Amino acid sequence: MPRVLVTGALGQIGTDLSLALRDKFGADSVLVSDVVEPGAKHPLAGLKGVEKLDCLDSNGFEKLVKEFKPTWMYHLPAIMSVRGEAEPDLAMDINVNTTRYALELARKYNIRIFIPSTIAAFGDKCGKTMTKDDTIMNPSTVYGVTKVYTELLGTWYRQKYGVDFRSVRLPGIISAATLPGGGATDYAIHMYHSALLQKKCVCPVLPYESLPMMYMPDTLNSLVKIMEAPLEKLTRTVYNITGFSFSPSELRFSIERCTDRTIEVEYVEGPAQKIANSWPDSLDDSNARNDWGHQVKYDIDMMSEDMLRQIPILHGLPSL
């Protein structure tokens, strides 16, 4: 049974992942860290086994790994697609350096290490329908560029040192618990909050711009499952996974079907649009399905029903 370290643990993925790992392997077997502390409303506030770590401090990062002695690590800090364009130096610092430190520690301390990649690693030469695991990588964002680096450096650590590096290219991830951290797909979570607040949604992504997406439970299931898999079953280090593709107008219809009313959305292009338009419309994840059993239980309407219930509960919004 693993000892699991999670870095960048208090963001959107880390929040749900930390809780899932604690529930599955026990609180004692999981250490959760982040450069900031949980806010008093955060789901991890008050819990033991939650520490402060700046992953840019390699010596600090090493210290924490030395005492906890993880056998697995999920390294989650990164600056994402939209925010990276506005804060590229921070993106380059975090996405490149913390990753290098994390891999070097996985090597030194024999840790199975997960570092998520992203559909943002792709650009407009990727082949955009059912994009393959191996294709041309020409990302149009610095974030995407740093993630191509992460995939390649991770794979080199595997080849060179036998570090058990594992990764998935995550689509847009939808969840209710922690608000998203500045990717091009953040509109989707915000459209649900707008609909519950009964306010105008100003959606920065164009109405028919379809993207690969996934609801958090399927994401967590796959994050754990790829890490539990035997090394010998994995034919590669980095795997596309997807849940289902949708455009904003499809998301809108879902919400309207579940709320049984119209919601108002104005499509005014923001920076997310040119970025999203460069990305795949859908991914081929057959390698992941075949090698380690990636699977998808939610569709858009099951997601919408769950989001519409969970947001009022977790954030105190009005409900249906």
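Residues carry their position along the shown sequence, with the first being 1. Heads up, when I say rigid core I mean the largest set of C-alphas that superpose within 1.5 Å between the two forms.
RMS Cα shift after core superposition in 8 other deposited structures of this protein, winner of 179 to 187 and 210 to 218: Per-stretch check in 8 other deposited structures of this protein: the more divergent one is 179 to 187.
Rigid core superposition result in 8 other deposited structures of this protein, more deviant of 196 to 204, 80 to 88 by Cα: With the rigid core fitted, 196 to 204 is the stretch that strays more in 8 other deposited structures of this protein.
Do the C-alpha atoms of 45 to 53 or of 279 to 287 have the higher average B factor in the entry? Per the deposited B-factors, the answer is 45 to 53.
Stretch with the higher entry mean CA B-factor, where the candidates are 266 to 274 and 252 to 260: Comparing 266 to 274 with 252 to 260, the higher average CA B-factor belongs to 252 to 260.
Would you mind ranking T178 by its C-alpha B-factor against the rest of the chain and naming the third, lowest, middle or highest? Within its chain, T178 is a highest-third residue by C-alpha B-factor, going by the deposited values.
Among the chain's modelled residues, which third holds the C-alpha B-factor of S81? Lowest third, going by the recorded CA B-factors of the chain.
Cα B factor band for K233 (lowest, middle or highest third within the chain): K233: CA B-factor falls in the highest third of its chain.
Mind checking which third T242 falls in for C-alpha B-factor across the chain? It belongs to the middle third of the chain when residues are ordered by C-alpha B-factor.
Could you look up the Cα B-factor of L5 in the entry and say which third of the chain it sits in: lowest, middle or highest? Ranked within chain, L5 CA B lands in the middle tercile.
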